[PDB]
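Shown next, in structure tokens, is the structure this report addresses.
Quick note: numbers below take in every heavy atom, side chains included, and nothing from hydrogens, waters or symmetry partners. Positions are given from 1 along the sequence.
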Amino acid sequence: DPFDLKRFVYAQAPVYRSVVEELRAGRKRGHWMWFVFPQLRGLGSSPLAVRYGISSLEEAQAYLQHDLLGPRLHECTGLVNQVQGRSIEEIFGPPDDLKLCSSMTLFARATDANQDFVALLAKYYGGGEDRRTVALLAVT
């Protein structure tokens, strides 16, 4: 576990069922964004944001390969894509709307098998991407 992906598994454990239920119902309520829809380290500055920040594109790729975390991320993305009639700010109150954009932008760049991540950006963000994430990913 060279990237310490276990940190995400253990953070998710106490809350994951509630995450699924909240996303199934179309509204986030709990305190879990950082380790459910991870974003690049350096975007947020709080100890939580830093701890659960993704270090690099290579870590994002490892995250996707992980047979618990990858499927869970697709599950959570798919649940959001399934919600009807709500803007993203109705599902994820600010600043979590920006966090989600950053997460989808990162994982869309991590793999070409990104249809769900890109679909979320298309549906909810006008096909736009997180500016700061694209910049941080430009150079390896």
Side-chain angles (χ1 to χ4, degrees):
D1 189 21
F3 294 106
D4 189 26
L5 296 176
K6 73 175 172 68
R7 78 189 184 282
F8 295 105
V9 173
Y10 305 141
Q12 289 180 2
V15 300
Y16 194 66
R17 181 67 183 194
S18 68
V19 173
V20 167
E21 302 283 5
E22 285 166 26
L23 298 180
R24 284 181 182 174
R27 182 161 121 224
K28 168 172 186 285
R29 305 179 187 254
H31 304 307
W32 45 250
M33 201 67 178
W34 325 265
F35 52 77
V36 171
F37 286 111
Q39 67 181 209
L40 281 179
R41 179 169 289 144
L43 295 174
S45 62
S46 70
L48 274 179
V50 177
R51 186 170 310 128
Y52 294 112
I54 297 284
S55 63
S56 67
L57 199 71
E58 288 77 14
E59 179 173 358
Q61 292 177 335
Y63 188 106
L64 290 175
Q65 288 175 311
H66 191 284
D67 198 36
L68 191 74
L69 299 171
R72 281 185 178 180
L73 181 61
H74 289 285
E75 164 171 43
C76 288
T77 300
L79 291 171
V80 176
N81 283 336
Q82 192 177 58
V83 180
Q84 299 296 320
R86 291 190 200 192
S87 70
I88 202 60
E89 301 95 336
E90 289 175 306
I91 304 166
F92 294 90
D96 287 335
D97 61 325
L98 304 183
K99 286 189 179 294
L100 182 59
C101 185
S102 301
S103 184
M104 297 299 93
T105 297
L106 170 60
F107 287 100
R109 296 282 181 158
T111 182
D112 290 346
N114 57 13
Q115 54 269 196
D116 51 350
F117 310 131
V118 184
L120 199 155
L121 293 170
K123 178 167 173 175
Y124 289 109
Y125 297 89
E129 282 185 287
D130 187 63
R131 179 176 310 292
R132 293 168 77 216
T133 295
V134 176
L136 284 167
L137 291 175
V139 184
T140 63

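Counting heavy atoms from C-beta on, the side chains of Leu100 and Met33 come closer than 4.5 Å. The side-chain heavy atoms of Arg109 and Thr133, taken from C-beta on, include no pair separated by under 4.5 Å. At a threshold of 4.5 Å between non-hydrogen side-chain atoms, the residues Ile91 and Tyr124 count as touching. Within the 4.5 Å cutoff, side-chain heavy atoms of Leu43 are placed close to those of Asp130. In this structure, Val36 and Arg72 have side chains that are not in contact, with every pair of non-hydrogen atoms separated by 4.5 Å or more. You'll find the side chain of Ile88 reaches within 4.5 Å of the side chain of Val80, heavy atoms only. Contact check for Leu57 versus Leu106: side-chain heavy atoms found under the 4.5 Å cut-off. Between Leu64 and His74 there is a side-chain heavy-atom pair separated by less than 4.5 Å.
Surrounding CG of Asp4 are more than 12 heavy atoms belonging to other residues, nucleotides or ligands, all under 6.0 Å away. Within 6.0 Å of CZ in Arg29 there are 12 or fewer heavy atoms belonging to other residues, nucleotides or ligands. Counting heavy atoms of neighbouring residues, nucleotides and ligands inside a 6.0 Å radius, atom CG of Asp112 does not exceed 12 of them. More than 12 heavy atoms of other residues, nucleotides or ligands sit less than 6.0 Å from atom CZ of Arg7.
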Practice item. For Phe3 and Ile54, run side-chain contact (heavy atoms from CB on, under 4.5 Å): C-alpha distance rounded to whole Å, both residues' side-chain angles, the deciding distance at 0.1 Å, then the answer. Key: CA-CA 9 Å; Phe3 294 106; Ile54 297 284; over 6 Å; no
Practice item. Under the side-chain contact (heavy atoms from CB on, under 4.5 Å) rule, what do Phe117 and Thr77 come out as? Steps first, then yes or no, please. Key: CA-CA 7 Å; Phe117 310 131; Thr77 300; 3.7 Å; yes
Practice item. Using the side-chain contact (heavy atoms from CB on, under 4.5 Å) rule, take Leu69 and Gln12 through it: C-alpha gap first, then chi angles, then the decisive distance, then the call. Key: CA-CA 9 Å; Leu69 299 171; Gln12 289 180 2; 3.6 Å; yes
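In terms of the side chain to side chain contact (heavy atoms under 4.5 Å, CB included) criterion, residue partners of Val15 (sequence neighbours excluded) are, by chain and number, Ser18, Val19, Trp32, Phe35.
Across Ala108 and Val118, no two heavy atoms sit closer than the pair CB-CG2, 3.9 Å. Smallest separation of non-hydrogen atoms from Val50 and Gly44: CG2-O, 3.8 Å. The two residues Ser55 and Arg41 come nearest to each other via the heavy atoms CB-NH1, 3.8 Å. Here the shortest heavy-atom pairing between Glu90 and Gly85 reads OE1-O, 4.2 Å. Closest heavy-atom contact between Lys123 and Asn81: NZ-O, 2.8 Å.
Exactly one residue among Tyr52, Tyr63, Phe92 makes a ring-ring contact (aromatic ring centres under 6.0 Å, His included) with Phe37. That residue is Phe92.
Here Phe107 contributes atom CZ and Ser102 contributes atom OG; the two are 11.5 Å apart, rounded to the nearest 0.5 Å.
A donor-acceptor pair under 3.5 Å is formed between the side chain of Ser103 and the backbone N or O of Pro38. Looking only at distances, a side-chain donor or acceptor of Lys28 sits under 3.5 Å from a matching main-chain atom of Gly30. A donor-acceptor distance shorter than 3.5 angstrom exists from the side chain of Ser56 to the backbone of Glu59, with no hydrogens or angles considered. Side-chain atoms of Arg86 come within 3.5 Å of backbone atoms of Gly26 as a donor-acceptor pair (strictly under, hydrogens ignored).
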